[PDB]
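Engineer: I'd like to ask some things about the structure below.
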Amino acid sequence: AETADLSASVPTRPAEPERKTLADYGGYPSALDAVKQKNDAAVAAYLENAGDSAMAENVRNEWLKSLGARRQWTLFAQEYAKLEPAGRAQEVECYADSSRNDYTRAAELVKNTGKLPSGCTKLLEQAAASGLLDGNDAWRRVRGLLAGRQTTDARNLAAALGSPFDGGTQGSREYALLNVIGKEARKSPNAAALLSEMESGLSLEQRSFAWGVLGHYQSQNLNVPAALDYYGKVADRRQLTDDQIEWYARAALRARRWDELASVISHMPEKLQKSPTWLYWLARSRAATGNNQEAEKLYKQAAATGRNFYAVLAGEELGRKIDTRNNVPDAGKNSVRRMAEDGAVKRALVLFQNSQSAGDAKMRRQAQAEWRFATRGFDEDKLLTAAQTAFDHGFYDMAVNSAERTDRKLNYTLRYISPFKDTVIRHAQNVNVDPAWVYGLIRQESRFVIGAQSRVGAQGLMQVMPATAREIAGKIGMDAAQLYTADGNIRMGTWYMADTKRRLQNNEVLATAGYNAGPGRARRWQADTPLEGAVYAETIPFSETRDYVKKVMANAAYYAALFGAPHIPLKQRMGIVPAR
Ligand SMILES: CC(=O)N[C@H]1[C@@H]2OC[C@@H](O2)[C@@H](O[C@@H]2O[C@H](CO)[C@@H](O[C@@H]3O[C@H](CO)[C@@H](O)[C@H](O)[C@H]3NC(C)=O)[C@H](O)[C@H]2NC(C)=O)[C@@H]1O
Ligand SMILES: [Zn+2]
Ligand SMILES: [Zn+2]
Ligand SMILES: [Zn+2]
Ligand SMILES: [Zn+2]
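Its first residue numbered 37, the sequence shown is counted upward by one per residue in the deposited numbering.
Structure below.
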């Protein structure tokens, strides 16, 4: 019965002057070194003076980790009581419980098969020594730690469970299994023959795990028939790590074995079965075996996960199309202004502007942390207001970070911003690439930060490598130094998108993957037969590039809807990746 509106409510946390903010930032590295050197007076003095900021909260967390490890419980409790509950680091939670000898968290944590922080690691050991850990899960954690070379943590965990590596029957058997599950032993052409010899003397759990390690190695190496052979010997698939079981599912997906795929996904942990990825592929598998009613319900849940690659593909199997109409008005200019007056928002903004006039990347990273801190507790209305507040200040990446956090109130123009439009459109049309794809790529590469610079030296909005820029500029009459202007950067990036596409059989999925990892790697990941675009994207071995391709293609689907481009469903945009 009511038309949509946006609450003008804004927080009014106490603000501090520009000088104080920059002084607190000035002393921030000193306070973190005081924690590491155990200078408790120097840490207390910093916290006494500092504002209620991400800086203070980060110092307080680090100090509590130090206080917990040193069993300084009087101080720990007094300072823990000063942390916003949502601001508590994971390891600080564990110390706070281990301080009471409370092991409620261990049942969840024990599911983790990789490195935890030391406080959580000790909590698990103490839970193990106390008989409070499920045996199945505890030994599974031991094996996972051995397979990812955390041999010390595995050793201590096995000791605490009462069967040490040096003495225990189960302990020493787990440890001996490294001749198969070791980082280099798993690569051996004889690992399977070795394992097949020892099968008689291993438990069902140890055998399931060990075939899991060999399957996962083969699978992430894109040797699918060998992967499927080893994974097929796993008797209890629930024994696998999360990464092992997902690469079993990726192998079966790449082989189009829909019955096996469904079966694998059914053995995943609940959190993993409910992710957009495995809801979608289980749905596709159910449809492929003839159960449309079950596939339909699974598509609906995948589609309800929000704005993302699999949610969009699911919505399309249900004949929905992307709709990018905002369902709430823009925030009023007054509210946008008042939002910037809030003490924590203003702090973020002060670090932001000061980082611009000084070229200071580390200060800019701190402005982002302050912005996330400032906005951490916001309801949907404040988040849309804050998003516009960031956008107006040119803090474009924080504009998007706030907007993409809403669930019912949707502002697609803050989720999918498009600054520099004249530039991008012109240069994309000149080399004949789709502008929605270009924005998709920029949104993922740099979140629209003109001065973005990666670790390895990828530069600008389109994150073009200096070497690539030199090769481009010599083909199209440019100076390589134009890499460092926004216009030259967009000219080179859009050209390289067109160029990689042309050299990867005109395929936008291979091109996206080639942009990020090199066209050489994009071709390596091709199969000897054609692959549906989503299968290729899901089975990319490098995690960063796998994530990257799906986000860019999903971003392009939303930009295309925002720009009014003619409707090409995401499935069709994904197309078919050809044989190598
Ligand atoms: C940490 C980081 O910044 N990672 C990636 C980030 O995202 C885009 C770029 O920056 C990306 O680099 C791509 O990196 C590959 C190298 O792995 C580049 O490809 C190379 O360059 C030319 C391609 O025409 C060839 O001569 C090389 O053979 C090729 N490598 C491979 C493996 O094929 C690629 O050009 C570059 N992309 C851009 C946009 O510069 C980086 O790794
Ligand atoms: Zn089963
Ligand atoms: Zn301002
Ligand atoms: Zn231009
Ligand atoms: Zn990048």
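Here a beta-carbon is modelled for each residue, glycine too, at the ideal position from N, C-alpha and C.
#1: Could you tell me the boundaries of the alpha helix (DSSP H) in which residue 201 lies?
#2: Taking the CB atoms as reference points, tell me whether residue 294 and residue 325 lie closer together than 9 Å.
#3: Regarding residue 530 and ligand 4, is the C-beta to nearest heavy atom distance less than 8 Å?
#4: For ligand 3, is there any heavy atom lying closer than 8 Å to the beta carbon of residue 567?
#5: If you compare alpha carbons, which of 269, 606, 493, 362 is closest to residue 519?
#6: Quick check on the DSSP output: the alpha helix (DSSP H) that includes residue 328 runs from which residue to which?
#7: Distance, Cα to Cα, residue 327 vs residue 565?
#8: For a quick check, are the C-beta atoms of residue 130 and residue 150 less than 9 Å apart?
#9: Taking the alpha-carbon of residue 593 as reference, which of 483, 559, 470, 556 has the nearest alpha-carbon?
#10: Does the beta-carbon of residue 515, which I'm using as the reference point, lie nearer than 8 Å to any heavy atom of ligand 4?
#11: Sorted by chain position, which residues of the same chain lie with C-beta nearer than 6 Å to residue 562's C-beta, five sequence neighbours on each side aside?
#12: Can you give me the C-alpha to C-alpha distance between residue 119 and residue 83, rounded to a whole angstrom?
#13: From the DSSP secondary-structure annotation, give me the bridge partner or partners of residue 568.
#14: Give the straight-line distance between the Cα atoms of residue 143 and residue 163, rounded to the nearest whole angstrom.
#15: Check whether the Cβ atoms of residue 364 and residue 111 lie closer than 9 Å to each other.
#16: What does the shell around ligand 5 hold, if a residue joins when its beta-carbon is under 5 Å from any heavy atom?
#17: Have a look at the DSSP bridge pairing and note the partners of residue 495.
#18: Identify every run of the alpha helix (DSSP H) within the segment 142–218, keeping only runs that are complete inside it and at least 4 residues long; order them along the chain.
#19: Return yes when the C-beta of residue 555 is under 8 Å from any heavy atom of ligand 1, and no when it is not.
#20: Could you check if residue 376 belongs to the surroundings of ligand 3, using beta carbon to heavy atom distance under 8 Å?
#21: Which term fits residue 591, buried or exposed, when burial requires 16 or more other beta carbons within 10 angstroms of its beta carbon?
#22: Would the beta-carbon of residue 533 fall within 9 Å of that of residue 553?
#23: Smallest Cα separation from residue 287: which of 270, 256, 202?
#24: Candidates 457, 229, 154: which alpha carbon is nearest residue 522's?
#25: Quick one: any contact between the segment 48–57 and the segment 69–80, if contact means 3 or more CB pairs under 8 Å?
#26: So residue 50 is in the alpha helix (DSSP H); what residue range does that whole segment cover?
#27: According to DSSP, is residue 544 helix, strand or coil?
#28: Quick check: the segment 366–385 against the segment 346–356, are at least 3 beta-carbon pairs closer than 8 Å?
#29: What three-state label does DSSP hand residue 483 in the structure shown?
#30: Using only the heavy atoms of ligand 2, determine whether one of them is closer than 8 Å to the beta carbon of residue 272.
#31: From residue 399 to residue 97, what distance separates their C-alpha atoms?
#32: For the segment 58–67 against the segment 355–362, are there 3 or more C-beta pairs whose distance is under 8 Å?
#33: In its own chain, which residues sit with a C-beta less than 7 Å from the C-beta of residue 258, not counting the 5 before and 5 after it?
#34: Measure the alpha-carbon distance for residue 402 versus residue 123 and round it to whole angstroms.
#35: Applying the 10 Å Cβ sphere with the 16-neighbour rule, what's the burial state of residue 515?
#36: Within 10 angstroms of its Cβ, does residue 443 collect 16 or more other Cβ (buried), or is it exposed?
Structural biologist: In short, the structure shows the following:
#1: Segment: none, residue 201 is in no alpha helix (DSSP H) and carries neither H nor E.
#2: Yes, they are a contact pair.
#3: Outside the cutoff, so no.
#4: No, Cβ of residue 567 sits at least 8 Å from all heavy atoms of ligand 3.
#5: Cα-wise, what sits closest to residue 519 is 493.
#6: In the DSSP assignment, residue 328 falls within the unbroken alpha helix (DSSP H) covering 328–340.
#7: Taking C-alpha positions only, residue 327 is separated from residue 565 by approximately 27 Å.
#8: No.
#9: Relative to the Cα of residue 593, the nearest Cα in the group 483, 559, 470, 556 belongs to 470.
#10: Residue 515: no, Cβ never under 8 Å from ligand 4.
#11: Cβ within range, chain order: 616.
#12: Using only the alpha carbons, I get a separation of about 12 Å.
#13: 612.
#14: A direct Cα-to-Cα measurement between residue 143 and residue 163 gives close to 9 Å.
#15: No.
#16: Result (chain order): 481, 499.
#17: Residue pairing from DSSP places residue 495 in a beta bridge opposite 489, 500.
#18: At a cut-off of 4 residues, the continuous stretches assigned as alpha helix (DSSP H) that sit fully inside the segment 142–218 are 142–145, 154–165, 171–183, 187–196, 205–212, 214–217.
#19: Yes; taking the cut-off as 8 Å, the Cβ of residue 555 has a heavy atom of ligand 1 nearer than that.
#20: Answer for residue 376: yes, Cβ within range of ligand 3.
#21: By the 10 Å Cβ count, residue 591 comes out buried.
#22: For residue 533 and residue 553, no; Cβs fall outside 9 Å.
#23: Among 270, 256, 202, the Cα nearest to that of residue 287 belongs to 256.
#24: The shortest Cα separation from residue 522 among 457, 229, 154 belongs to 457.
#25: Taking 8 Å as the limit for Cβ pairs, the verdict is that the segment 69–80 does not touch the segment 48–57.
#26: Taken as a continuous stretch (DSSP letters only), residue 50 belongs to no alpha helix (DSSP H), as it is neither H nor E.
#27: DSSP places residue 544 in the helix class (H, G or I) of the three-state scheme.
#28: No, because fewer than three Cβ pairs between the segment 346–356 and the segment 366–385 fall closer than 8 Å, the two stretches do not touch.
#29: Residue 483 carries a coil assignment under DSSP once its states are collapsed to helix, strand and coil.
#30: Because some heavy atom of ligand 2 lies under 8 Å away, the Cβ of residue 272 counts as near it: yes.
#31: Residue 399 and residue 97: Cα-Cα distance of roughly 20 Å.
#32: Segments in contact, no.
#33: Hits under 7 Å: 561, 577.
#34: Using only the alpha carbons, I get a separation of about 16 Å.
#35: Classification for residue 515: exposed.
#36: A residue is called buried once 16 or more other Cβ atoms fall within 10 Å of its Cβ, and residue 443, having fewer, is exposed.
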